[PDB]
Amino acid sequence: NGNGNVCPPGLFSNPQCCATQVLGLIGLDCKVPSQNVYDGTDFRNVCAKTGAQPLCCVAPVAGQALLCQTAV
Ligand SMILES: [Zn+2]
Ligand SMILES: [Zn+2]
């Protein structure tokens, strides 16, 4: 479900739907999407479902807290 059609090349390459985010770089309760996203619109909207926040983290694995960045 997405992989970088919504995220930057590199380190914040991985799209996760997250609970919230803190400090501008830590994403929390991050689950990987439930649907391939192609843009921000489907990123923000596919995430919203869970009441979550679209982010681009350094890992593709779900995690309590991950070093993320907010999706564009
Ligand atoms: Zn949760
Ligand atoms: Zn779209």
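All Cβ positions, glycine included, derive from the backbone under ideal geometry; neighbour counts span all protein chains shown. A short reminder: the numbers here are calculations on the coordinates, not readings from a lab.
Some points to look at:
- Across the chain, C-alpha contacts under 8 Å between residues 6 or more apart give a mean separation that, scaled by the residue count, equals a relative contact order of 40 percent.
- Dimensionless Rg ratio for the chain, taking C-alpha atoms and the 2.2 N^0.38 Å reference: 0.90
- Packing-based exposure ordering (other Cβ within 10 Å, fewest first) of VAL72, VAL37: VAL72, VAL37
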